[PDB]
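Asks: Take this structure, written in C-alpha cells, and hold onto it; I'll ask about it next.
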Amino acid sequence: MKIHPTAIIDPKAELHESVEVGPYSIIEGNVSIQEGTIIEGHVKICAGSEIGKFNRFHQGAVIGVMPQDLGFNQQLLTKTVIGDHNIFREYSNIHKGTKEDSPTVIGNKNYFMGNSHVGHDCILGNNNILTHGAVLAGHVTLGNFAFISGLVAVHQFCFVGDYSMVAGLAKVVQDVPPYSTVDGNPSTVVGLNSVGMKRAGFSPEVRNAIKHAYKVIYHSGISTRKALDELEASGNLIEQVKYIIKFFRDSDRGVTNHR
Amino acid sequence: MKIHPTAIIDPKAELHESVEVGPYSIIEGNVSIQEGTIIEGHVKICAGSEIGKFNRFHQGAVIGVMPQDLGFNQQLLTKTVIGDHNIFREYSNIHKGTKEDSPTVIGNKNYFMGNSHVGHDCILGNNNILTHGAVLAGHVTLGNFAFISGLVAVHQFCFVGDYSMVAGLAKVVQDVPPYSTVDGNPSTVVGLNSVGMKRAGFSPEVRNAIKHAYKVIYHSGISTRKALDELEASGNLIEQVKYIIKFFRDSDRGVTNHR
Amino acid sequence: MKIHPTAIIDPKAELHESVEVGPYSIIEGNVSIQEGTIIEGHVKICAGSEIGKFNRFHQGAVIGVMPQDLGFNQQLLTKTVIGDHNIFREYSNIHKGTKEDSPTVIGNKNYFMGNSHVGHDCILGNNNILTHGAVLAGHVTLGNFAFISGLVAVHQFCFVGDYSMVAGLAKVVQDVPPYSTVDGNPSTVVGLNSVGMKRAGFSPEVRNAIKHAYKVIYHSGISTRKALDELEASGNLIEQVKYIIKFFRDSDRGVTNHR
C-alpha cells in the first residue's frame, strides 16, 4: 500500500504488502507485521515484535521496547507477540519479555489508550481496554474483556479475570475475580461489573447465577474454602460459575476480598 | 516566518505567514492556524483543528486526534477549536469531538503541562491550567481560571466552576463549585481557593462575600435547596455570589458536598 | 561513532567523537555531551544541557525543556546538569532550572522509567529510580538510592533521604526520612526500606542500628526533639544513624510522621 519515504525499515523486517507505515517511523530487524496493519508517524517497532493483522499503531507508539528491569540482559532476543485488530494509541508503550521463552503477549481486539503502558512479561487475552495513562506492571495477566482504569497500580503476578473492572485510584495486590469491579486503596471487590455483563449480552439468568456464586463466596459468613466447597456440592453449574470456582482454586497470590 | 523543510504540511491547510512550524511536524488538511502561533518539532495537528493566535505547541504535542470512544465513526469531520495564547507542552494530547455539532473547545491563555490530556467534547474557557500528566475525561466542562492537578479522575459530564482547584489523588463525581478547592477520594469541597482568589486580585470584601455564600450553603445545618433560597431572600448580591447560586441551580449531576 | 544523517545537531554543541545520536533527534546549542553517551531517535536535548559519560536517552526523551512555571523568564540561559551512567527511558522529560545559579541536577546511575518527569530545580544524587509515569514536582531533592513510585505527588521543597521509598498512590508533604518507606494519602512512614537495605549489603548490625534509631524517634511516646536528644546522649553512633539525626535536625519542612 504505502510506506512513507522517510520511514526507516530494516531490510530483514517482514511486512505484508498491504502494510502502511507513516512518516519518521522506525521498524527494526526481527520484526514481522501481518496484513491490514497501519503504523502512523513516529512509531517505533523494536526487534522481536511479531504483529498480526489489522492492527493500528498511532503516532509515537513504541512496541517491544527493552524491559524496565535492571537485571535484564539486553543482548537477548526476547519477544512481543501481538494478535489481530488491536489499537495502540498515541505514545502507548509495550515492553518485550525478559526471557527467550517468556514473551509479552497481547491477543485480539484490545484497546490501549494514549500513554498507556504494558510491562515486561504481561499476558493479555482479547478485547481488553487500558484507559488513558493506564499502567500495567510486569508479569500481570489479563483474561478477556477486562477494563483497566488510569491511576491504577497492579502488583506483579496478579491475574485479572474476564469481564472485570479496576476503577481509578486503586492499588491491586491480589487477583481480581471475573465479572467483578474492584476499587479503592487498599482495594476490594465492591460489586459486579453489571455494565460489562449487560454490554456483553449476558442473560438475566446468567448474571443472576454469577451474583449467586459470589453471594456464597463473599456474603455468607464462611471462609472462601468453605464457600467454594458449598458451590461445587450444590449440583450442575454453568461455565461462568465453574470458571469463578477455578479462578479462586488456581489463584497464586490469593483473590481480593470483598468490601 | 519559518517552516522547517522536513515538516509535512498538507497544501490545503491554512497557515498565516508568521506561523512557525518545526522539524518533523505533521499538519493535516482541514486545519487553520492563525497569526503568531509556533509549532515545535514532532507535533501533529490533525484534520478539523482550528487554532487561533499566539499559541505554542511544544515537541510531540498531538492536536485533534481521534476520540477514545469505541462507538465513534472515524469518517466524520469533527473539530478541535483552540483560541489564543494557549500553551501545549511536550506530549500533551487534545482529542477532537464526536459529533459534527460538538467540537472539543479550548478558549484563551490556557496552559496544558507535559503529557496532559483533554478528552473528546471537553469545553474549557480561559486561563485554566492542567498540571503534569493531568487527564480530563470526555465531556468535562471547565470555566475560567480553574486548576486541575495530576492524578485526578473527573467523571464525564462534570462542570468545574471558575477559580476552582482539584488537588492531586482526587476522584471527582459531581460538579466542582466556583472559588473552591476539592480534594480526596471520594472527593469533597475542603475549603476555598484563597490563593487563586488573592492572585486574581479579589478584594477582601469580595472574598468574604464568597465565604459567606458557602457558609449558608454548607455550614448552616440546612439542605442545599433551603440555603440557596435563604441567600436569594437576603437582598442584593454581588455577581460572584449570583454565579455561585446559578451554578448550584443549573447543576446537571449535582454539586460535590463539603467535608 | 555514528550520528544519523537526519539528526539536527547545532554546530556549537560539543559532542565527544564516541557519542551516538539516532534518527530525527534534535540537539540545540549550549549543549555538552561526554564520552559513551547514546541518544536514540526523536530525542530532544535543549540548550543548557550538560551531560556526562555513558548516559542513555531512549526514544522521545526530552532534556532541559522550559520550566513549567508561568513566571519564568524564557530568555535566561538556565541549565540541566546530568552526570554519568544514567538511563532516560521513552518520553521521560527533564526540565531545566529557573535561575542562572540554580540548575536542575542529576548525579550518576539514576534510572528514569518511561514517561517519568523531573521538575525545574530538582536535585537528585546517585542510583535513584523513578518508575513508570513517576512525577517529581519542582524543587524536590533526592539523595541516593531513593525509589519513587508512579502515582506519587511530592510537595515542592521536600527532601527524600537515602535508600528511602515512596509507594504508589501517596501524597508527600514533608520530608521522607532515610532508610524508610512512606505510603498513603495523607502519607506516613510505614516502616523501613528493608529490601533496599538488604539489596545494598547493609549488615544485620547496621540494619538493627537503623531500626533502633527510629524506635526512639517514632515508637517511644516522646516528641521528636526529645528523641533526637536521647539518641545523641546515648554515646557513639554509626554514620547511618548520625545521618538520620542530622536529616531530622536540618529539615526545612519537617519530617513525615509515622503510622
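Labels for the C-alpha cells follow display order: chains A, B, ..., residues from 1 in each chain, ligands from 1.
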Give me, as JSON lines, each residue of chain C that comes within 12 Å of chain B, together with its shortest interatomic pair and the distance in Å at one decimal, counting only C-alpha atoms, with rows ordered by chain and rising residue number.

Replies:
```
{"residue": "C:6", "atom": "CA", "partner": "B:6", "partner_atom": "CA", "distance": 9.6}
{"residue": "C:7", "atom": "CA", "partner": "B:23", "partner_atom": "CA", "distance": 10.2}
{"residue": "C:8", "atom": "CA", "partner": "B:23", "partner_atom": "CA", "distance": 8.7}
{"residue": "C:23", "atom": "CA", "partner": "B:24", "partner_atom": "CA", "distance": 10.9}
{"residue": "C:24", "atom": "CA", "partner": "B:24", "partner_atom": "CA", "distance": 7.5}
{"residue": "C:25", "atom": "CA", "partner": "B:23", "partner_atom": "CA", "distance": 9.6}
{"residue": "C:26", "atom": "CA", "partner": "B:41", "partner_atom": "CA", "distance": 8.6}
{"residue": "C:27", "atom": "CA", "partner": "B:41", "partner_atom": "CA", "distance": 11.7}
{"residue": "C:41", "atom": "CA", "partner": "B:42", "partner_atom": "CA", "distance": 11.4}
{"residue": "C:42", "atom": "CA", "partner": "B:42", "partner_atom": "CA", "distance": 7.9}
{"residue": "C:43", "atom": "CA", "partner": "B:59", "partner_atom": "CA", "distance": 9.8}
{"residue": "C:44", "atom": "CA", "partner": "B:59", "partner_atom": "CA", "distance": 8.3}
{"residue": "C:45", "atom": "CA", "partner": "B:59", "partner_atom": "CA", "distance": 11.3}
{"residue": "C:46", "atom": "CA", "partner": "B:59", "partner_atom": "CA", "distance": 11.3}
{"residue": "C:59", "atom": "CA", "partner": "B:60", "partner_atom": "CA", "distance": 11.7}
{"residue": "C:60", "atom": "CA", "partner": "B:60", "partner_atom": "CA", "distance": 8.2}
{"residue": "C:61", "atom": "CA", "partner": "B:90", "partner_atom": "CA", "distance": 10.0}
{"residue": "C:62", "atom": "CA", "partner": "B:90", "partner_atom": "CA", "distance": 8.3}
{"residue": "C:63", "atom": "CA", "partner": "B:90", "partner_atom": "CA", "distance": 11.0}
{"residue": "C:64", "atom": "CA", "partner": "B:90", "partner_atom": "CA", "distance": 11.9}
{"residue": "C:65", "atom": "CA", "partner": "B:90", "partner_atom": "CA", "distance": 8.7}
{"residue": "C:66", "atom": "CA", "partner": "B:89", "partner_atom": "CA", "distance": 9.3}
{"residue": "C:67", "atom": "CA", "partner": "B:113", "partner_atom": "CA", "distance": 10.0}
{"residue": "C:68", "atom": "CA", "partner": "B:113", "partner_atom": "CA", "distance": 6.9}
{"residue": "C:69", "atom": "CA", "partner": "B:113", "partner_atom": "CA", "distance": 9.8}
{"residue": "C:70", "atom": "CA", "partner": "B:111", "partner_atom": "CA", "distance": 8.9}
{"residue": "C:90", "atom": "CA", "partner": "B:91", "partner_atom": "CA", "distance": 11.6}
{"residue": "C:91", "atom": "CA", "partner": "B:91", "partner_atom": "CA", "distance": 8.1}
{"residue": "C:92", "atom": "CA", "partner": "B:115", "partner_atom": "CA", "distance": 10.0}
{"residue": "C:93", "atom": "CA", "partner": "B:114", "partner_atom": "CA", "distance": 8.3}
{"residue": "C:94", "atom": "CA", "partner": "B:114", "partner_atom": "CA", "distance": 10.5}
{"residue": "C:95", "atom": "CA", "partner": "B:114", "partner_atom": "CA", "distance": 10.3}
{"residue": "C:114", "atom": "CA", "partner": "B:115", "partner_atom": "CA", "distance": 11.9}
{"residue": "C:115", "atom": "CA", "partner": "B:115", "partner_atom": "CA", "distance": 8.3}
{"residue": "C:116", "atom": "CA", "partner": "B:133", "partner_atom": "CA", "distance": 9.6}
{"residue": "C:117", "atom": "CA", "partner": "B:132", "partner_atom": "CA", "distance": 8.2}
{"residue": "C:118", "atom": "CA", "partner": "B:132", "partner_atom": "CA", "distance": 10.3}
{"residue": "C:119", "atom": "CA", "partner": "B:132", "partner_atom": "CA", "distance": 9.4}
{"residue": "C:133", "atom": "CA", "partner": "B:133", "partner_atom": "CA", "distance": 8.2}
{"residue": "C:134", "atom": "CA", "partner": "B:133", "partner_atom": "CA", "distance": 9.5}
{"residue": "C:135", "atom": "CA", "partner": "B:132", "partner_atom": "CA", "distance": 7.7}
{"residue": "C:136", "atom": "CA", "partner": "B:132", "partner_atom": "CA", "distance": 9.6}
{"residue": "C:137", "atom": "CA", "partner": "B:132", "partner_atom": "CA", "distance": 8.8}
{"residue": "C:138", "atom": "CA", "partner": "B:132", "partner_atom": "CA", "distance": 11.1}
{"residue": "C:150", "atom": "CA", "partner": "B:151", "partner_atom": "CA", "distance": 9.9}
{"residue": "C:151", "atom": "CA", "partner": "B:151", "partner_atom": "CA", "distance": 6.6}
{"residue": "C:152", "atom": "CA", "partner": "B:151", "partner_atom": "CA", "distance": 8.2}
{"residue": "C:153", "atom": "CA", "partner": "B:168", "partner_atom": "CA", "distance": 7.1}
{"residue": "C:154", "atom": "CA", "partner": "B:168", "partner_atom": "CA", "distance": 10.1}
{"residue": "C:155", "atom": "CA", "partner": "B:168", "partner_atom": "CA", "distance": 10.7}
{"residue": "C:168", "atom": "CA", "partner": "B:169", "partner_atom": "CA", "distance": 10.7}
{"residue": "C:169", "atom": "CA", "partner": "B:169", "partner_atom": "CA", "distance": 7.1}
{"residue": "C:170", "atom": "CA", "partner": "B:169", "partner_atom": "CA", "distance": 8.0}
{"residue": "C:171", "atom": "CA", "partner": "B:169", "partner_atom": "CA", "distance": 7.6}
{"residue": "C:172", "atom": "CA", "partner": "B:168", "partner_atom": "CA", "distance": 10.8}
{"residue": "C:173", "atom": "CA", "partner": "B:168", "partner_atom": "CA", "distance": 11.9}
{"residue": "C:184", "atom": "CA", "partner": "B:169", "partner_atom": "CA", "distance": 10.3}
{"residue": "C:185", "atom": "CA", "partner": "B:169", "partner_atom": "CA", "distance": 8.1}
{"residue": "C:186", "atom": "CA", "partner": "B:184", "partner_atom": "CA", "distance": 9.5}
{"residue": "C:187", "atom": "CA", "partner": "B:169", "partner_atom": "CA", "distance": 11.8}
```

Asks: Can you check which residues of segment 8-239 of chain A DSSP gives as helix (DSSP H, G or I) on the backbone and send them as a ChimeraX atom specification?

Replies: /A:194-199,204-218,224-232,239

Asks: Could you list, as a list in words, every residue within 12 Å of segment 250-252 of chain C, counting only C-alpha atoms and ignoring same-chain residues fewer than 2 positions away?

Replies: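 So the residues in contact are residues 141, 156, 157, 158, 159, 160, 161, 173, 174, 175, 176, 177, 242, 243, 244, 245, 246, 247, 248, 254, 255 and 256 of chain C.
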
Asks: One decimal, in Å: what's the spacing between atom CA of residue 121 of chain C and atom CA of residue 110 of chain B?

Replies: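 Those two atoms sit 23.6 Å apart.
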
Asks: Leaving out residue 17 of chain A and any residue of its chain fewer than 4 positions from it, which residues lie within 10 Å of it when counting only C-alpha atoms, given as a list in words?

Replies: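 Contacts, in chain order: residues 1, 2, 3, 33, 34, 35 and 36 of chain A.
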
Asks: Could you jot down the atom CA of residue 201 of chain C to atom CA of residue 162 of chain C separation for me, Å, one decimal place?

Replies: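 That distance, rounded to one decimal, is 14.2 Å.
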
Asks: Considering only C-alpha atoms, can you say which of C:231, C:130, C:195, C:15 comes closest to residue 215 of chain C?

Replies: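 Smallest distance to residue 215 of chain C is found for C:231.
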
Asks: Can you measure atom CA of residue 182 of chain C to atom CA of residue 202 of chain C for me? One decimal in Å is fine.

Replies: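 Going from atom CA of residue 182 of chain C over to atom CA of residue 202 of chain C, I get 20.0 Å.
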
Asks: Within 10 Å of residue 11 of chain A, counting only C-alpha atoms, which residues show up once you throw out same-chain ones fewer than 5 positions away? Write them as a list in words, please.

Replies: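 In the requested form, the answer reads residues 27, 28, 29 and 30 of chain A.
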
Asks: For the residues in that selection, give me N, CA and C atoms as a short mmCIF file (atom, residue, chain, number, x, y, z; two decimals), in the first residue's frame.

Replies:
```cif
data_model
loop_
_atom_site.label_atom_id
_atom_site.label_comp_id
_atom_site.auth_asym_id
_atom_site.auth_seq_id
_atom_site.Cartn_x
_atom_site.Cartn_y
_atom_site.Cartn_z
N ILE A 27 11.23 0.83 12.06
CA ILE A 27 10.99 -0.61 12.24
C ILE A 27 12.33 -1.34 12.18
N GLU A 28 12.61 -2.10 13.23
CA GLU A 28 13.88 -2.81 13.35
C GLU A 28 13.82 -4.21 12.71
N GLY A 29 14.94 -4.93 12.77
CA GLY A 29 15.01 -6.30 12.26
C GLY A 29 14.37 -7.24 13.26
N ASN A 30 14.18 -8.50 12.86
CA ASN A 30 13.46 -9.49 13.66
C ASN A 30 12.04 -9.03 14.00
#
```

Asks: Let's see if you can do this: from backbone DSSP, list all strand (DSSP E or B) residues in segment 58-228 of chain A, as number ranges by chain.

Replies: A: 62-65, 80-82, 87-88, 93-95, 99, 102, 104-106, 111-112, 117-118, 123-124, 129-130, 135-136, 141-142, 147-148, 152-154, 159-160, 165-166, 170-172, 175-176, 180-183, 188-192

Asks: Please identify all polymer residues within 10 Å of residue 143 of chain B, counting only C-alpha atoms, omitting same-chain residues fewer than 6 positions from it, and present them as a list in words.

Replies: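 In the requested form, the answer reads residues 107, 123, 124, 125, 126, 127, 128, 159, 160, 161, 162, 163, 164 and 178 of chain B.
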
Asks: Generate the output file for the selected residues, N, CA, C and O atoms, as a PDB file, in the first residue's frame.

Replies:
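Contents of the output file result.pdb:
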```
ATOM      1  N   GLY B 107     -10.596  27.806  25.033  1.00  0.00           N
ATOM      2  CA  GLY B 107     -10.539  29.264  24.893  1.00  0.00           C
ATOM      3  C   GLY B 107      -9.131  29.837  24.879  1.00  0.00           C
ATOM      4  O   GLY B 107      -8.278  29.386  24.122  1.00  0.00           O
ATOM      5  N   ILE B 123     -15.116  21.164  27.038  1.00  0.00           N
ATOM      6  CA  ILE B 123     -15.195  22.610  26.824  1.00  0.00           C
ATOM      7  C   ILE B 123     -14.420  23.261  27.956  1.00  0.00           C
ATOM      8  O   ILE B 123     -14.732  23.052  29.115  1.00  0.00           O
ATOM      9  N   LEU B 124     -13.398  24.035  27.605  1.00  0.00           N
ATOM     10  CA  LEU B 124     -12.627  24.797  28.579  1.00  0.00           C
ATOM     11  C   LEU B 124     -12.694  26.267  28.191  1.00  0.00           C
ATOM     12  O   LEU B 124     -12.642  26.599  27.009  1.00  0.00           O
ATOM     13  N   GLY B 125     -12.823  27.138  29.190  1.00  0.00           N
ATOM     14  CA  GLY B 125     -12.811  28.577  28.962  1.00  0.00           C
ATOM     15  C   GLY B 125     -11.392  29.106  28.917  1.00  0.00           C
ATOM     16  O   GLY B 125     -10.546  28.578  28.197  1.00  0.00           O
ATOM     17  N   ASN B 126     -11.121  30.140  29.710  1.00  0.00           N
ATOM     18  CA  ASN B 126      -9.856  30.846  29.630  1.00  0.00           C
ATOM     19  C   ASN B 126      -8.971  30.654  30.866  1.00  0.00           C
ATOM     20  O   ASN B 126      -9.467  30.472  31.978  1.00  0.00           O
ATOM     21  N   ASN B 127      -7.656  30.676  30.661  1.00  0.00           N
ATOM     22  CA  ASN B 127      -6.712  30.793  31.772  1.00  0.00           C
ATOM     23  C   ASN B 127      -6.686  29.579  32.715  1.00  0.00           C
ATOM     24  O   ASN B 127      -6.255  29.680  33.870  1.00  0.00           O
ATOM     25  N   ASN B 128      -7.173  28.445  32.238  1.00  0.00           N
ATOM     26  CA  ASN B 128      -7.134  27.217  33.033  1.00  0.00           C
ATOM     27  C   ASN B 128      -5.738  26.594  32.950  1.00  0.00           C
ATOM     28  O   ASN B 128      -5.000  26.844  31.990  1.00  0.00           O
ATOM     29  N   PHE B 159     -19.003  19.674  35.667  1.00  0.00           N
ATOM     30  CA  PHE B 159     -18.576  21.048  35.426  1.00  0.00           C
ATOM     31  C   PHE B 159     -17.638  21.434  36.546  1.00  0.00           C
ATOM     32  O   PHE B 159     -17.850  21.063  37.709  1.00  0.00           O
ATOM     33  N   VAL B 160     -16.596  22.164  36.186  1.00  0.00           N
ATOM     34  CA  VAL B 160     -15.681  22.743  37.150  1.00  0.00           C
ATOM     35  C   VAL B 160     -15.840  24.263  37.070  1.00  0.00           C
ATOM     36  O   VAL B 160     -15.589  24.860  36.028  1.00  0.00           O
ATOM     37  N   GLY B 161     -16.299  24.869  38.165  1.00  0.00           N
ATOM     38  CA  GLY B 161     -16.534  26.320  38.216  1.00  0.00           C
ATOM     39  C   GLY B 161     -15.274  27.172  38.183  1.00  0.00           C
ATOM     40  O   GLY B 161     -14.161  26.667  38.429  1.00  0.00           O
ATOM     41  N   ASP B 162     -15.460  28.464  37.886  1.00  0.00           N
ATOM     42  CA  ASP B 162     -14.377  29.453  37.847  1.00  0.00           C
ATOM     43  C   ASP B 162     -13.550  29.489  39.127  1.00  0.00           C
ATOM     44  O   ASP B 162     -14.086  29.368  40.237  1.00  0.00           O
ATOM     45  N   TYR B 163     -12.247  29.667  38.948  1.00  0.00           N
ATOM     46  CA  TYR B 163     -11.268  29.796  40.041  1.00  0.00           C
ATOM     47  C   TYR B 163     -11.257  28.616  41.023  1.00  0.00           C
ATOM     48  O   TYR B 163     -10.835  28.748  42.173  1.00  0.00           O
ATOM     49  N   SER B 164     -11.707  27.454  40.573  1.00  0.00           N
ATOM     50  CA  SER B 164     -11.686  26.297  41.451  1.00  0.00           C
ATOM     51  C   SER B 164     -10.435  25.447  41.249  1.00  0.00           C
ATOM     52  O   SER B 164      -9.746  25.559  40.232  1.00  0.00           O
ATOM     53  N   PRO B 178     -17.599  26.979  42.055  1.00  0.00           N
ATOM     54  CA  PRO B 178     -16.593  28.015  41.823  1.00  0.00           C
ATOM     55  C   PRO B 178     -15.898  28.488  43.102  1.00  0.00           C
ATOM     56  O   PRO B 178     -16.434  28.321  44.196  1.00  0.00           O
TER      57      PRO B 178
END
```

Asks: Pick out the residues sitting within 12 Å of residue 54 of chain A, and hand them over as a PyMOL selection string; count only C-alpha atoms, and ignore anything fewer than 6 positions along from it in its own chain.

Replies: chain A and resi 16+18-20+33-39+82-88+108-110
